[PDB]
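What follows is each chain in one-letter form.
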Number of protein chains: 2
Amino acid sequence: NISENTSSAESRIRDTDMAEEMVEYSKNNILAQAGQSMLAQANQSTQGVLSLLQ
Amino acid sequence: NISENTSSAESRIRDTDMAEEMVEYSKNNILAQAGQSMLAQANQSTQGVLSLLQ
């Protein structure tokens, strides 16, 4: 019984809650795609220079 | 973060804003064509000598 409770206690401190962590995984997965999108747009975003009298 | 903000800083001090310099290049390019055209006519200036009791 003390083993079952201190297993439960340690599992609370250290095992991943996979439900919760897939929220935080997937925020960062969308943000990474939106970041790569913005970087890919930003590298095109200075093609504006080339019409200016050139 | 600091390296981005001092790249932003130094870029402000040192990089040509190509929009602003293509104004000043084009002023001087038109002035040079105008001043060439003006020097060409200023060399025809004293052609008036040759009809003058000659």
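Determination of this PDB entry was carried out by cryo-EM to a resolution of 3.17 Å, according to the record.

Visitor: Explain the overall build of chain A to me, and be specific about the residues and the numbers.
Guide: Regarding its fold elements, chain A presents two helices and zero strands. The dimensions of chain A, computed from C-alpha atoms along their principal axes, are 80 × 15 × 5 Å. Out of the 54 residues belonging to chain A, those deemed buried represent 0%. Surface exposure of chain A reaches about 5000 Å², of which carbon and sulfur atoms provide 54%.

Visitor: How would you explain the pattern of salt bridges if you had to name every residue and give the values?
Guide: All names here are of chain A. Scanning all chains against the criterion turns up two salt bridges over all chains. Linking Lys27 and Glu24 is a salt bridge whose minimum nitrogen-to-oxygen distance equals 2.8 Å. One end of the pair is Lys27 and the other is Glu24, both in helix α2 (residues 18–44) and three residues apart, which spans about a single turn. On the basis of relative accessibility, which here comes to 45%, the residue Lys27 falls in the partly exposed class.

Visitor: So what's going on with unusual backbone geometry? Which residues, and what values?
Guide: You will see that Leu53 of chain B, though not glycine, has its phi angle at about 45°, which is positive. Inspection of the secondary structure assignment puts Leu53 of chain B in the segment after α2 (18–44).

About the criteria used
Residues numbered from 1 in each chain as written, not as in the entry; some residues may be left out. Chains lettered and ligands numbered in written order. Part of a larger assembly, values for the part shown. Heavy atoms only, no water. Helix = DSSP H or I, 4+ residues; strand = E, 2+ residues; numbered from the N terminus. Buried < 20%, exposed > 50% of the residue type's maximum accessible area, 1.4 Å probe, protein only. Areas by Shrake-Rupley, 256 points an atom, 1.4 Å probe, with all protein chains shown as cover. Salt bridge = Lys/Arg side-chain N within 4 Å of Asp/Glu carboxyl O.

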